[PDB]
């Protein structure tokens, strides 16, 4: 019913945008922490590795740290970030 903008937990409705700085889908947030959309969620949201934003529902989150400077998230070596699995609010894909 309402969009979460921080303190994401499973069940939350979230706004997901194709970020220009990272060339990757991220959750819109006022938090200083990075929340990336997990690559496995792209087909559930009708996205491709090019829609600009989508609403999603949080199913899972995983706290991660970059081990390589050159990675899929374009974050510096050692950056920590969450990876978030999401699905559409009401469509089974």
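Numbering follows the first chain given and starts at 1. For the two forms, the rigid core is made up of the largest set of C-alpha atoms that agree within 1.5 Å on superposition.
* **Rigid core superposition result in 8 other deposited structures of this protein, more deviant of 17-25, 77-85 by Cα** => Per-stretch check in 8 other deposited structures of this protein: the more divergent one is 17-25.
*Which fits the stretch between residue 49 and residue 50: none, 1 to 3, 4 to 9, or 10 or more deposited residues lacking coordinates?*
Some 4 to 9 residues are missing between them.
_Between 22-30 and 50-58 (mean CA B-factor, as deposited), the higher_ = Between 22-30 and 50-58, it is 50-58.
Q) Between 59-67 and 40-48, which has the larger average Cα B-factor in the PDB entry? A) Mean B over CA atoms: larger for 40-48.
- [ ] Relative to the other modelled residues of the same chain, rank the CA B-factor of residue 77 and answer lowest, middle or highest third.
- [x] Its C-alpha B-factor, which the entry lists for residue 77, ranks in the highest third among residues of this chain.
Worksheet item: C-alpha B factor of residue 87, ranked within the chain: lowest, middle or highest third?
Response: Its C-alpha B-factor, which the entry lists for residue 87, ranks in the middle third among residues of this chain.
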